[PDB]
Amino acid sequence: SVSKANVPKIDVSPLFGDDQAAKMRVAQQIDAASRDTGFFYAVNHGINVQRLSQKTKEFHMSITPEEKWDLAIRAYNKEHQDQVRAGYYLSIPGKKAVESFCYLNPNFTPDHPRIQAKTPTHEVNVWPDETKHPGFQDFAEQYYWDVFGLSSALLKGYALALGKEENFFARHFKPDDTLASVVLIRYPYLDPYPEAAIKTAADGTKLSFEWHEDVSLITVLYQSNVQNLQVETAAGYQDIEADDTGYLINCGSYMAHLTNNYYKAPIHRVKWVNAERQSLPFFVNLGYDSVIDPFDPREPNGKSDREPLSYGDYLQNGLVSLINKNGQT
Ligand SMILES: CSC[C@@H](OC(=O)[C@H](CS)NC(=O)CCC[C@H](N)C(=O)O)C(=O)O
Ligand SMILES: [Fe+2]
């Protein structure tokens, strides 16, 4: 009774290469999707998503309660005051179904100047014991760089789409300083599924996570093949078809700011489904001091009545606001 959202598949492979005309034809497809529902699937992205899913499953299904406390963010473990972002986010049986593991830039090491300075939103990742999870830390760090590479290519396409040179965003998206994160979200099957863990939208739809815009520049998402996402359009909420072979891409509210809402950050939500599944976002965040001057591609002089906002300010406020709105995940 809900209609299907228009979410085109775009072959992004030309964004990795040097065929400028072909990159422009990709850019156009990105422009079109961004102005329509705000979602598309990136196909021919080069990443082994089946192996991602398998390694992620192995982790989620083998990590023990003892380990989850030992890795827990501050919201679950007061001993871990430095873990605001990175670490384990516990479920609460009977009340909260979702659980997840977040990690940041592998280059945020104890000697990183921003870690030394204790700058907000920068943390050193926590990992489980290697002997209990062999290969996991190395797999996950490598995945960070594989999805970083895809995101750089995507950002070349968004820049071209907006009438800019292809490095317009990508120059602010750097291995040594990016605030990008990976989140490995487990949405469990539960029998019985507690009502407490199911939210209800104003329209009656049962949800697992309420409506929101993403806190990102763009978001680069892998999910299992279980339909769950909806996007608000002018025709109401529409269902996003699942595709476990591609990456679902959308703009976050930083892109909306920079573009004066020419590329809106689409409002979307997560339907409740009683299915064991994965939601594995990569949030494309810039550096803490990155500032892009806002502009408007619908105005002849390109000028915007919005003020510049540094990415670090944006991100810290955004993540707090999202927790206030939709709850601690
Ligand atoms: C379809 S919304 C994507 C995913 O939800 C999230 O990841 C939500 C909404 S985008 N994001 C967050 O909670 C922000 C996580 C930020 C992360 N802890 C960080 O520090 O970067 C889900 O529930 O499937
Ligand atoms: Fe989201």
Side-chain angles (χ1 to χ4, degrees), residues 5 7 37-39 41 56 71-76 82-91 96-105 108 120-126 144 147 151 178-188 197 199 207-224 226-232 237-244 247-256 264-273 275 277-286 288 311-312 314-329:
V7 181
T37 70
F39 283 89
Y41 277 104
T56 298
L71 289 176
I73 59 170
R74 171 168 95 168
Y76 299 97
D82 289 332
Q83 296 183 232
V84 173
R85 295 178 73 197
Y88 210 90
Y89 293 42
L90 290 63
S91 69
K96 174 177 178 280
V98 73
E99 59 190 281
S100 63
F101 178 78
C102 172
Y103 62 103
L104 313 178
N105 192 331
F108 298 167
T121 75
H122 304 74
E123 299 173 19
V124 183
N125 293 328
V126 294
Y144 189 97
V147 72
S151 303
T178 177
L179 285 164
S181 65
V182 172
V183 189
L184 307 178
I185 314 164
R186 185 193 175 185
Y187 279 102
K199 301 154 184 54
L207 303 179
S208 286
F209 193 75
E210 260 288 16
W211 73 264
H212 62 288
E213 290 172 4
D214 283 2
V215 184
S216 66
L217 177 69
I218 67 171
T219 300
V220 178
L221 176 64
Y222 170 84
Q223 306 204 316
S224 316
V226 176
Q227 201 283 319
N228 69 101
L229 300 178
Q230 308 185 308
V231 57
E232 196 178 37
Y237 279 92
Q238 296 180 333
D239 283 330
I240 297 171
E241 295 319 291
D243 186 343
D244 67 354
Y247 280 89
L248 185 65
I249 318 302
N250 63 274
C251 288
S253 58
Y254 198 77
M255 188 68 77
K264 299 173 286 297
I267 294 274
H268 58 287
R269 64 189 184 187
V270 180
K271 292 186 301 175
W272 171 69
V273 186
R277 65 185 186 79
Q278 301 177 326
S279 184
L280 314 186
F282 181 69
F283 296 110
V284 176
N285 295 326
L286 306 180
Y288 190 74
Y311 204 89
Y314 167 75
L315 182 63
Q316 44 197 129
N317 167 271
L319 297 181
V320 169
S321 300
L322 219 203
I323 289 161
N324 293 340
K325 188 208 168 294
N326 282 9
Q328 174 61 61
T329 65

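We use all heavy atoms of the structure for the numbers below, so side chains are in, but hydrogens, waters and symmetry mates are not. Every number for a ligand or one of its atoms is a count from 1 in the order of the listing. Numbering of residues begins at 1 and proceeds along the displayed sequence.
Protein residues having at least one heavy atom under 4.0 Å from any atom of ligand 1 are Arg85, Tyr89, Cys102, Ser181, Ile185, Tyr187, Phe209, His212, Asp214, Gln223, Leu229, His268, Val270, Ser279, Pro281, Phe283, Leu319, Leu322, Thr329, listed by chain and number.
Between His212 and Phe209, the angle of the ring planes goes over 60°, which puts this pair in the perpendicular group of the 30/60° scheme. Ring geometry for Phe39 against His268 counts as perpendicular: the plane angle is over 60°, on a 0 to 90° scale with 30° as the lower cut.
Between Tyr76 and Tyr88, the distance separating the two ring centers is not shorter than 6.0 angstrom. Separation of the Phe282 and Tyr222 ring centroids does not fall under the 6.0 Å cut-off.
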Practice problem: Determine, stepwise, if the pair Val215 / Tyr314 fulfils side chain to side chain contact (heavy atoms under 4.5 Å, CB included). | Solution: CA-CA 8 Å; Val215 184; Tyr314 167 75; 3.8 Å; yes
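Counting heavy atoms from C-beta outward, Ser279 and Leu221 have side chains that approach closer than 4.5 Å. Residues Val183 and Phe283 form a side-chain contact, since some pair of their non-hydrogen atoms from C-beta on lies under 4.5 Å apart.
Across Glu99, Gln328, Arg186, a single residue satisfies side chain to side chain contact (heavy atoms under 4.5 Å, CB included) together with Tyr89, and that is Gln328.
Side-chain atoms of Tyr144 come within 3.5 Å of backbone atoms of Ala180 as a donor-acceptor pair (strictly under, hydrogens ignored).
Excluding waters, the protein N/O/S atoms found under 2.8 Å from the Fe ion (ligand 2) are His212 NE2, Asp214 OD1, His268 NE2.
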